[PDB]
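The structure under discussion appears below in the form of structure tokens.
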Amino acid sequence: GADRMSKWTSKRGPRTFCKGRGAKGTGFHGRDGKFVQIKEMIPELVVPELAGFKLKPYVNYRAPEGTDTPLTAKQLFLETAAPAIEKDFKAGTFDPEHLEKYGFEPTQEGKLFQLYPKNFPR
Amino acid sequence: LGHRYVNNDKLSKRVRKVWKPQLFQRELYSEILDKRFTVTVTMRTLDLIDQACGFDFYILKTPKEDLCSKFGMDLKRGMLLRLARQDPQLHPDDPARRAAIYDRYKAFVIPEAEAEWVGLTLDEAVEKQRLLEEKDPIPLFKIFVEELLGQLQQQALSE
Amino acid sequence: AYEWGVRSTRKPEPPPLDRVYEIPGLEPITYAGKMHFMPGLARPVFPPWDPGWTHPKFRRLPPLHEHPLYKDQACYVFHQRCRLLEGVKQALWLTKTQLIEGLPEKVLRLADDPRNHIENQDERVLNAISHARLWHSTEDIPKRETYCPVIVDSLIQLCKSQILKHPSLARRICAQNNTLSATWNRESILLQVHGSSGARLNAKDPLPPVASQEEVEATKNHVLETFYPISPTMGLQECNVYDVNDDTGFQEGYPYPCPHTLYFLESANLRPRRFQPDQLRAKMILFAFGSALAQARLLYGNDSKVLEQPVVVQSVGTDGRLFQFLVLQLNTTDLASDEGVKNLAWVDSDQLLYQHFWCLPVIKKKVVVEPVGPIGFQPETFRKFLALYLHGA
Amino acid sequence: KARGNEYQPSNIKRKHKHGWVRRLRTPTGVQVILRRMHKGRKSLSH
Amino acid sequence: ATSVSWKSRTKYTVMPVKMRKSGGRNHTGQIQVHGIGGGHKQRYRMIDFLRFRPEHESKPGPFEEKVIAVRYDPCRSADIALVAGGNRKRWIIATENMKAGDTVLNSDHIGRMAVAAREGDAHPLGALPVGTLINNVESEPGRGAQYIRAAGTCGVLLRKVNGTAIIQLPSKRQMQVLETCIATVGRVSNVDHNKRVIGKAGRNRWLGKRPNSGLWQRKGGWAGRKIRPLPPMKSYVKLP
RNA sequence: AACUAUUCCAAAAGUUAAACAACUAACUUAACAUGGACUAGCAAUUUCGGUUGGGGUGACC
RNA sequence: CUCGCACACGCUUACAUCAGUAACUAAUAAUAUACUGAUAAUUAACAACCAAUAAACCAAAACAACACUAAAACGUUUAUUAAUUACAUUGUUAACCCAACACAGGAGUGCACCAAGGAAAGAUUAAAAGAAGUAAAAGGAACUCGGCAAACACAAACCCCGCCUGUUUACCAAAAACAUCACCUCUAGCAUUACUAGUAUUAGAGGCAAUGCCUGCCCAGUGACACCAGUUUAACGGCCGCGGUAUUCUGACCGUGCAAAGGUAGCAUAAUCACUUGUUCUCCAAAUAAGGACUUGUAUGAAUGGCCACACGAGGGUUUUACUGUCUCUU
RNA sequence: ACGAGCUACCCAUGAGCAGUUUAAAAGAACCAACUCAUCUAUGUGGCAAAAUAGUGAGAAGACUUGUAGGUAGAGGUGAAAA
RNA sequence: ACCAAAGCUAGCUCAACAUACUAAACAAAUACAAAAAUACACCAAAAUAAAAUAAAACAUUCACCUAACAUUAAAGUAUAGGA
Ligand SMILES: [Mg+2]
Ligand SMILES: [Mg+2]
Ligand SMILES: [Mg+2]
Ligand SMILES: [Mg+2]
Ligand SMILES: [Mg+2]
Ligand SMILES: [Mg+2]
Ligand SMILES: [Mg+2]
Ligand SMILES: [Mg+2]
Ligand SMILES: [Mg+2]
Ligand SMILES: [Mg+2]
Ligand SMILES: [Mg+2]
Ligand SMILES: [Mg+2]
Ligand SMILES: [Mg+2]
Ligand SMILES: [Mg+2]
Ligand SMILES: [Mg+2]
Ligand SMILES: [Mg+2]
Ligand SMILES: [Mg+2]
Ligand SMILES: [Mg+2]
Ligand SMILES: [Mg+2]
Ligand SMILES: [Mg+2]
Ligand SMILES: [Mg+2]
Ligand SMILES: [Mg+2]
Ligand SMILES: [Mg+2]
Ligand SMILES: [Mg+2]
Ligand SMILES: [Mg+2]
Ligand SMILES: [Mg+2]
Ligand SMILES: [Mg+2]
Ligand SMILES: [Mg+2]
Ligand SMILES: [Mg+2]
Ligand SMILES: [Mg+2]
Ligand SMILES: [Mg+2]
Ligand SMILES: [Mg+2]
Ligand SMILES: [Mg+2]
Ligand SMILES: [Mg+2]
Ligand SMILES: [Mg+2]
Ligand SMILES: [Mg+2]
Ligand SMILES: [Mg+2]
Ligand SMILES: [Mg+2]
Ligand SMILES: [Mg+2]
Ligand SMILES: [Mg+2]
Ligand SMILES: [Mg+2]
Ligand SMILES: [Mg+2]
Ligand SMILES: [Mg+2]
Ligand SMILES: [Mg+2]
Ligand SMILES: [Mg+2]
Ligand SMILES: [Mg+2]
Ligand SMILES: [Mg+2]
Ligand SMILES: [Mg+2]
Ligand SMILES: [Mg+2]
Ligand SMILES: [Mg+2]
Ligand SMILES: [Mg+2]
Ligand SMILES: [Mg+2]
Ligand SMILES: [Mg+2]
Ligand SMILES: [Mg+2]
Ligand SMILES: [Mg+2]
Ligand SMILES: [Mg+2]
Ligand SMILES: [Mg+2]
Ligand SMILES: [Mg+2]
Ligand SMILES: [Mg+2]
Ligand SMILES: [Mg+2]
Ligand SMILES: [Mg+2]
Ligand SMILES: [Mg+2]
Ligand SMILES: [Mg+2]
Ligand SMILES: [Mg+2]
Ligand SMILES: [Mg+2]
Ligand SMILES: [Mg+2]
Ligand SMILES: [Mg+2]
Ligand SMILES: [Mg+2]
């Protein structure tokens, strides 16, 4: 009676059925029928030099935790744009038209990593 | 859609029957929209157009329920818009004809906010209203900047 | 007239546009807003899409007229695979050439000298045939696609074995798949023989002209036969994008400048995908001619003139059991007029290297009637082959 | 002759006849899926 | 479900093109015509039924073509001929004695003197003698041949009246046409196709015919020998 | 009944004379196609009264 | 003793190693490919995935020389553009699948007939009856519905019905039923989804059953054409009496009634209501069987076809030989 | 609503047919694989919801057969056996 | 003496109220043969409910039968029906 419940996988069908397990495509099919890899699609791991740096996978037990404050858009506004805006309004140099000097970005399409359509994996 | 008795004797067979209107291909001229549409109409439609004395009259002069067509309501929405706007593009060359025509229909003229909602399905309406309300959510940088300017201008005015 | 599509197939005419699009001064409301189809709303119309940066693969095919090499003169091209309706007639007419039955007598004298035979001819050639037709494959009965090039190459080897006795034969080099472009103008019709042949034997030194002056002058009085209903261009490729430049497949300063012999194989399994023997003859006429013409315009130049120094090229062609021999002498670079001196071609046609071949013993009433091997063998055809190979020395 | 072996398995046939896509390509099929959803079936379709 | 007809190929080709038989089934898949299916596999040769077809629109004049070969065709009863002129070849339906290496004239030109009719010649009806034998007959001018294409069939031109031709179809019915319509002169190929004897049920299967049903039906009123006065004459001439 | 063909009347589009005699009618119809009829095909719905020296036939009511 | 190895399709870890099996799976144990647990495992070169648009090509596969008819699967080259840059992704176990079972069943292809696979018997005893086999004195169908089955035989003849190869009631009918070449009727004058990319030597709706000799008479009824007349039977269907006569049984002849025509040719006790085991000849020692004739069959009979015939038939009957445990009569 | 993965008939696309006899691949002949299912005996809650053993019929064809697709119940399909 | 026996919980049922009415969970993947990141299109649609049954058969008829308007009465009245 075949099998209803067990999931549908490349192991199950005929020769003609190949369904990946969910790894991401690195390329396309070329002229010779041979497969071509696109160096840009292959994720390049960015790994910092860890050797000269002191932090460890675990933390000392007598070391204290702290009162837990989730970072909010407000707190981030106040630690960054608030001192600068206050400095330039107190000096009357404040310009409601261009906020770009404070770090505000009008549109995301220029820069490499955009936040809203979210150009980057991790 | 219904049933009939054959022979009209109640004692005969009872039988499903459907009575279909006789349809015609006729091209009609709209003055206000200045156009000839090729429309399927009935003899009844032609008689009502005759009775209301104009094609455009018939379309303006009849309620939504009596036309029954979505196309009728769109014709009406169109020329109602052309009347409330007094659209110059009607007859670009001759303001004489334009004023002459816009004249006879002056009884049906309705404001603009009303005129674009007349012939609308609930679907089309909901869509339209969704498009008028379409806004990209305002960056929190803006809002926080305005709160901060409020606070700074009340710190400056207090001393 | 009866048109050749069928309504059911031709891509469906666009749905009749929504009625809200006939009403002047009115904005239709569409599902275009929601980025997906909805019933109850009008179908949106979109501008033909322009992805401002063009992608090499996924772009629409560039129309032909946009090319830098586009020209309004239709040029008729003959490439490796074209079939001519009237084969040798057409070939001759396009080439301005007279046909002669046998091979040149120089070549025949080269063929009948017992000095020019190999060690054991009948033995070695029977072996070459058997090898090609049977022994060279794992399978019982090899297909033609394998055994045609094999037998031509076996024979080329048998002849190459004579480099010991006449050591001028090392002055030659073999080439495969060269671009060949020869453009010429004939009777207001523009012709170009363009493409690749299979295999080409090139020499360092040119080939001595094989026709006495009597032949060349008897050529002046010869009238070209004509096929009235059929245009001479029939079977060629009408082409609107082409280059007119003389191109032999090699750049300047090629150590082996002089085409010697062209080899044309028909290796195809199906009959209909091969050439009729006649069409094949035509093919090698045209191609030999192109090969010649290129050279002729290299050593002399684009000016159209009768030649004080004729150019000679040879060609061989095959079913693999059946050979076509051709020798061509090019006397003329002006083909525009019909009335001058004509080029010369000797064609030895339909020369059987062997009658038939049996790969399995044929048995009748539990006895062996016919053994494995070739039936009938013409040493003559190989002799002619050798001759054409030996024409340089 | 002898019966009961009527079912001769093929995955292509299985999924073409009874599969998800096949059930969504027609209104009736969609009503099948809807009924099964209603009853709370573990497997809506093949 | 829905099947697509094999009959879509836009450009004309002399080369045999591959076709799919469908035994009696419409595009819905039900049987429409009983008793059809599974003959030998067949390729289809495209036939040009418009005999007068100027190669280029540049030179309109009456032109002449050579007959290259006369071949068997699986699709129809008549034998067909490969005909070439200018740069183009086409298949046409071969007349009875048409042989390879032949010459055939195609002409739209009328004239007061008529014409001496050869076989493969195509002329407008007006241009022929009044007793001639014709095949591949157009209905309206420019339409292409429909009538009288079967093997060994011939119609006959009966008379010419009022810029119009009246001809006699193989069913012995009369047909009236403008005299500007083209027809080919002669009897169609393969005249003995009538006398061919299918030897065994098998051969009938080779021809793609499935056997009759087995049900016994009592003959009805329709059967008998009906002797009907020959029908009135068909006229494709449109009166003003 | 529907459906499929036939035939006809009406609907719809038209076209003609200014009609005839003395001191309004008639005709037309390409494909669709409506309402009402006609003739068939293909069909739709429904039923097999009782008595009886078992039922049936016959007879009877 | 011999259904073996692999692939496809399918199955989905049932495979492998170590350990355990009181009980659970094996129709029983031993122990374990099938129960239990833990731990592992199939690695791409094979396979899947793996370009479009124009243009030249009428020329079968059959060892393909060349042809046959039913007219036939399978590609080159030329031009125009085709991201150009190691290593992508996925199938890889098995003793397996479909039959409720570890089912004598069903299962495509390539290679093999052994080099690979396997075990008919848990242990006895040697009653009947039953199954399967080998042998049998004398006889040789006397058995029996029938030579069913069997046999050291593996041959000849004759009828009936169907011409023939073929098809059919999967699971009680394989036939004399159906189809079928052939022959006949009807209906159609024509274009982009069937018929058909066809065109009356064609295509549909049917009848009948090759071949051979034939296919008689009837249009009143009922149909169908012709919208009424009239035409149609290779349309549905029909095709008779009573009295008197040759010395005598018969009735060429005569009378008369009724019909639209009055059953013609042929064949005939038939696969043909009954009478019927008709009568006679042949075959047997003996026949309601078989064959041949006679034959009113008052209910045969001519394309709902009639008569002969070749070849053919797991059709239904009959004779001869031969063979035999079918039987005498069993062992 | 769901069903043509069985089966009836189609459409695409593949695959098989050795030996012998014959001028012959002729819906010829002998006889395997293969396909059928004649006659008998077993079996009859069986090995089997149609099998086993023997015996038979066809075996280059109106042949067998794989894969994918089609036709759906007032229907389909049918070399009519409802 | 075996096989067995005994529980009182899991939850349910019917109403009331009620805001208002597609719960929960969504990182990725999901309408290729659902759970398979990535290429030039198509997309979509409606036609009266019928019958079993009651009428002791059945032929016109046969409440309710997936259409908001409740309740006390008028009233099983006027009417409708092979009356
Ligand atoms: Mg299941
Ligand atoms: Mg798979
Ligand atoms: Mg697999
Ligand atoms: Mg790679
Ligand atoms: Mg089952
Ligand atoms: Mg055909
Ligand atoms: Mg033919
Ligand atoms: Mg028939
Ligand atoms: Mg019949
Ligand atoms: Mg009723
Ligand atoms: Mg009764
Ligand atoms: Mg009674
Ligand atoms: Mg009684
Ligand atoms: Mg009694
Ligand atoms: Mg009675
Ligand atoms: Mg399983
Ligand atoms: Mg294990
Ligand atoms: Mg156990
Ligand atoms: Mg394996
Ligand atoms: Mg035992
Ligand atoms: Mg015993
Ligand atoms: Mg015994
Ligand atoms: Mg014995
Ligand atoms: Mg004995
Ligand atoms: Mg006896
Ligand atoms: Mg006895
Ligand atoms: Mg026997
Ligand atoms: Mg015997
Ligand atoms: Mg015997
Ligand atoms: Mg028979
Ligand atoms: Mg049976
Ligand atoms: Mg069967
Ligand atoms: Mg049989
Ligand atoms: Mg049986
Ligand atoms: Mg019969
Ligand atoms: Mg006859
Ligand atoms: Mg007969
Ligand atoms: Mg008769
Ligand atoms: Mg009559
Ligand atoms: Mg009559
Ligand atoms: Mg007799
Ligand atoms: Mg009798
Ligand atoms: Mg009788
Ligand atoms: Mg009859
Ligand atoms: Mg009879
Ligand atoms: Mg015979
Ligand atoms: Mg017999
Ligand atoms: Mg038989
Ligand atoms: Mg039989
Ligand atoms: Mg199937
Ligand atoms: Mg054989
Ligand atoms: Mg045979
Ligand atoms: Mg058996
Ligand atoms: Mg036995
Ligand atoms: Mg056997
Ligand atoms: Mg046999
Ligand atoms: Mg036989
Ligand atoms: Mg299917
Ligand atoms: Mg019923
Ligand atoms: Mg039916
Ligand atoms: Mg069948
Ligand atoms: Mg019957
Ligand atoms: Mg019956
Ligand atoms: Mg009742
Ligand atoms: Mg009751
Ligand atoms: Mg009842
Ligand atoms: Mg009801
Ligand atoms: Mg009343």
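Structural remarks
- Positions within the stretch C:138-183 being over 29 Å from C:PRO255 (Cα atoms) and either not hydrophobic (A, V, I, L, M, F, W, C) or not in a loop (DSSP other than H, G, I, E, B) (or both), in sequence order: C:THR138, C:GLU139, C:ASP140, C:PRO142, C:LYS143, C:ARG144, C:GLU145, C:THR146, C:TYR147, C:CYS148
- Counted residues, the stretch E:122-154 - those being over 17 Å from E:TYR236 (Cα atoms) and more than 14 Å from every other protein chain (Cβ to nearest Cβ): 16
- Here the condition is being more than 27 Å from A:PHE120 (Cα to Cα), out of contact with any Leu (no Cβ under 7 Å at 6 or more places or on another chain) and within 14 Å of another protein chain (Cβ to nearest Cβ); of A:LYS87, A:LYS56, it holds for A:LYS87 alone.
- Within the set C:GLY102, C:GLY87, the sole residue that is within 14 Å of chain E (Cβ to nearest Cβ), among the small types (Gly, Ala, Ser) and at negative phi turns out to be C:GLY87.
- Test for C:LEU201: is it part of a helix (DSSP H, G or I) and within 24 Å of C:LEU265 (Cα to Cα): no
- Residue in the stretch D:5-13 that is within 15 Å of the chain's Cα centre (by Cα), surrounded by 12 or more Cβ atoms within 10 Å (Cβ to Cβ) and closer than 17 Å to E:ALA1 by Cα present: no
- The set of residues from the stretch C:155-167 being of a type outside the set (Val, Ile, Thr) and within 13 Å of C:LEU265 (Cβ to Cβ) comprises just one member, C:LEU155.
- Which listed residue, of C:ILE230, C:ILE189, is surrounded by fewer than 19 Cβ atoms within 10 Å (Cβ to Cβ) and within 14 Å of chain E (Cβ to nearest Cβ): C:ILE189
- Identity of the residue in the stretch C:16-39, in a loop (DSSP other than H, G, I, E, B), over 12 Å from B:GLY78 (Cα atoms) and free of Cβ contacts under 8 Å to residues at least 24 places away in the same chain, that ends up nearest to the other protein chains (Cβ to nearest Cβ): C:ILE29
- Applying a threshold of 7 Å to beta carbon distances and a minimum spacing of six or more residues, or different chains, the list of pairs starting in the stretch D:1-15 at a residue that is within 10 Å of A:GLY13 (Cβ to Cβ) and ending at one that is within 16 Å of ligand 6 (Cβ to nearest atom) and not in a loop (DSSP other than H, G, I, E, B) is empty.
- Filter pass, E:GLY37 being at the interface with another protein chain (Cβ under 9 Å from one of its Cβ atoms) and away from ligand 5 (no atom under 16 Å from the Cβ): no
- Pairs meeting the criteria (first residue in the stretch A:1-15 and within 11 Å of another protein chain (Cβ to nearest Cβ), second residue of a type in the set (A, V, I, L, M) and away from ligand 6 (no atom under 16 Å from the Cβ), beta carbons under 7 Å, at least 6 apart or on different chains) are A:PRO14/D:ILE12.
- Residue in the stretch B:139-159 that is within 14 Å of chain C (Cβ to nearest Cβ), surrounded by 11 or more Cβ atoms within 10 Å (Cβ to Cβ) and of a type in the set (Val, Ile, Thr) present: no
- When A:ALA2 is tested against (1) under 31 Å from the mean Cα position of the chain (by Cα); (2) under 30 Å from D:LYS15 (Cα atoms); (3) not hydroxyl-bearing (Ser, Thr, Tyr), just one condition goes unmet, and that condition is (1).
- Hey, E:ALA145 away from ligand 7 (no atom under 16 Å from the Cβ) and not in a loop (DSSP other than H, G, I, E, B) or not: no
- Some residue of the stretch A:12-22 being surrounded by 10 or more Cβ atoms within 10 Å (Cβ to Cβ), assigned to a helix (DSSP H, G or I) and more than 16 Å from ligand 9 (Cβ to nearest atom): no
- Qualifying residue in the stretch E:101-122 (condition: of a type in the set (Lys, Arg) and either without any contact (Cβ under 8 Å) to a residue 24 or more places away in the chain or outside any loop (DSSP other than H, G, I, E, B) (or both)): yes
- The condition of being out of contact with any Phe, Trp or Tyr (no Cβ under 8 Å at 6 or more places or on another chain) and without any contact (Cβ under 8 Å) to a residue 12 or more places away in the chain holds for only one of C:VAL362, C:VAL311, C:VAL341, that being C:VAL362.
- Residue pairs meeting the criteria (Cβ under 9 Å; at least 6 apart or on separate chains; first among the hydroxyl-bearing types (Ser, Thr, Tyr), in the stretch A:71-88; second outside any helix (DSSP H, G or I)): A:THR80/A:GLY103
Okay, residues lined up against (1) within 11 Å of RNA strand G (Cβ to nearest atom); (2) more than 19 Å from D:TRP20 (Cβ to Cβ); (3) touching a helix residue (DSSP H, G or I) at 6+ places or on another chain (Cβ under 9 Å):
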position	(1), (2), (3)
A:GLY1	yes, no, no
A:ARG21	yes, yes, no
A:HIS29	yes, yes, no
A:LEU50	no, yes, no
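Read-outs: derived from the displayed coordinates by stated rules, not from any lab. Neighbour counts are summed over all protein chains in view; Cβ atoms, including those assigned to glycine, are modelled from backbone coordinates with ideal geometry.
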